[PDB]
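Take a look at the structure below.
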Amino acid sequence: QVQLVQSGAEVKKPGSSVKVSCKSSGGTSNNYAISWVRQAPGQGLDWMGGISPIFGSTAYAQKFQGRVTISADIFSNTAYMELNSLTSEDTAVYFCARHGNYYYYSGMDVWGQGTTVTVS
Amino acid sequence: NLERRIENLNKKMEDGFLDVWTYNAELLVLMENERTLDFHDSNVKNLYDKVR
Amino acid sequence: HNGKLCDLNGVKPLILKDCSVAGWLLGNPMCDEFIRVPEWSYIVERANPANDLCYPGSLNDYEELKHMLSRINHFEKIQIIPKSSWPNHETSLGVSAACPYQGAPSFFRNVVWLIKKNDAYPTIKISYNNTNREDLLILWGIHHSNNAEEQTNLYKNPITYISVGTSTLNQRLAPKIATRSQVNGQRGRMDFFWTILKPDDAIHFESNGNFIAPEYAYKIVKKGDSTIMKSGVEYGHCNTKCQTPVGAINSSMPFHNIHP
Amino acid sequence: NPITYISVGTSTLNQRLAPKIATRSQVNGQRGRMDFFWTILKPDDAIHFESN
Ligand SMILES: *[C@@H]1O[C@H](CO)[C@@H](O)[C@H](O)[C@H]1NC(C)=O
Ligand SMILES: *[C@@H]1O[C@H](CO)[C@@H](O)[C@H](O)[C@H]1NC(C)=O
């Protein structure tokens, strides 16, 4: 089975940047799309983007375009998400989620445990 | 015990040659397995084309 | 690569700078930075280090010793024979201008050049039992004089020997009193020797002259993966997982073309 | 004899030895050592031993 293991929780100041990884353990995830979904406290899930590394697609949300950087490592089976220019609105719980195929239309059946980022 | 560099040289030479030949055997098996399965697929397609 | 030497998994390397492995292990006066050395991950040496053996000569099986230092990560130096263990020999006059310390003549610090005392040189019969639980690197030497006048002026005995005996070592030496050319201002030579003393095993030294007696040995307190790096690159105050002589690699690629 | 030697000589071997009379650690209950030497003697070739 494949389990997605993320990095620990991050405490950041405004104006800084946070980099969150998502290591695919128990098998590779280079042939599937790994999305990055955040969840604000008291709000719903929000899509930030994703990367399909062997397929070569790196997608971003239009409300996150130019501010988030999502990259993947296919030799360590790790997908990364770097978010710059942190404000108090960027406080959320950040999930990596593997799709059912190479692209983003399919359901996200494998999820990471989450990474809580608090900006203060 | 005063010939550790030459011993390490011999060990690394023989281990490297075994690694090269292990890589050669494994890669030849993988490549010729692809060529064999594609050869069978081409034979079926070629018989189909001959009848067609 | 970013072209700096880093720490290998958080362990600072031993960067000898202008010192050599022989000057470090024999205790060069121009290497007193490295008298007490913590645990290293790899050894960095220059391609042509200036602080080699200050007195001219050689260290016998120097490359075998450097091969054993690719499997040692930490030395803990101990004084196996103090300088108070030579009451009948002069432990203070054994200096030379080829090993200068702040403009004054000096000598190697891990070994003692024993000169005659009271115009006499009694036969040394000393032993050291390795009561420790790990191996011991013991370095000693022999001084090859220039003429018989130097031999009577330094050791009072014209025909001297050095006998070193362990469980697996049987050594007999004699000085090669001859005419050499001046290397580093000195016409004499010094052949240095090493052995690895096992636990519960003794080393026995016997000589009546030309003895560069050991004072400090090295306890091999940690073994593991190590190397001796030939690199002129400065330290970078950084950590890494892969290190080359020209600079560390921080990537997950299956290949690189940086350094063999 | 306090100062002894061993001289071994063949067509291709020229050997002279002397005992290393010294103090050393006990191995197998003995503080003496024995260095053993070997050679391959060709046909129609003699080996000569000299020692005191
Ligand atoms: C080590 O990796 C870090 C990652 O941030 C990088 O900044 C640094 O330059 C690397 N060091 C070397 C010597 O390549
Ligand atoms: C060194 O000490 C051990 C234990 O103290 C002893 O058994 C051994 O004989 C000694 N080795 C010598 C005298 O070579």
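Note that these values count all heavy atoms, side chains included, but never hydrogens, waters or copies made by symmetry. Order of the sequence lines fixes the chain letters, A, B, ..., with proteins taken first and strands second; residue numbering starts at 1 for each chain.
Distance CZ/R4(B) to CD/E64(C): 8.5 Å, rounded to 0.5 Å.
Other residues, nucleotides and ligands contribute over 12 non-hydrogen atoms within 6.0 Å of the NZ atom of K223(C). Counted within 6.0 Å of NZ on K230(C), heavy atoms from surrounding residues, nucleotides or ligands total more than 12; the atom is thus considered enclosed. Atom CE of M31(B) has 12 or fewer neighbouring heavy atoms from other residues, nucleotides or ligands inside a 6.0 Å radius. Atom CZ of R35(B) has 12 or fewer heavy atoms from other residues, nucleotides or ligands within 6.0 Å.
Between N1(B) and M68(C), the shortest heavy-atom contact is O-CE, 4.2 Å. Shown here for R5(B) and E63(C), the closest heavy-atom pair between the two residues is NH1-CB, 3.4 Å.
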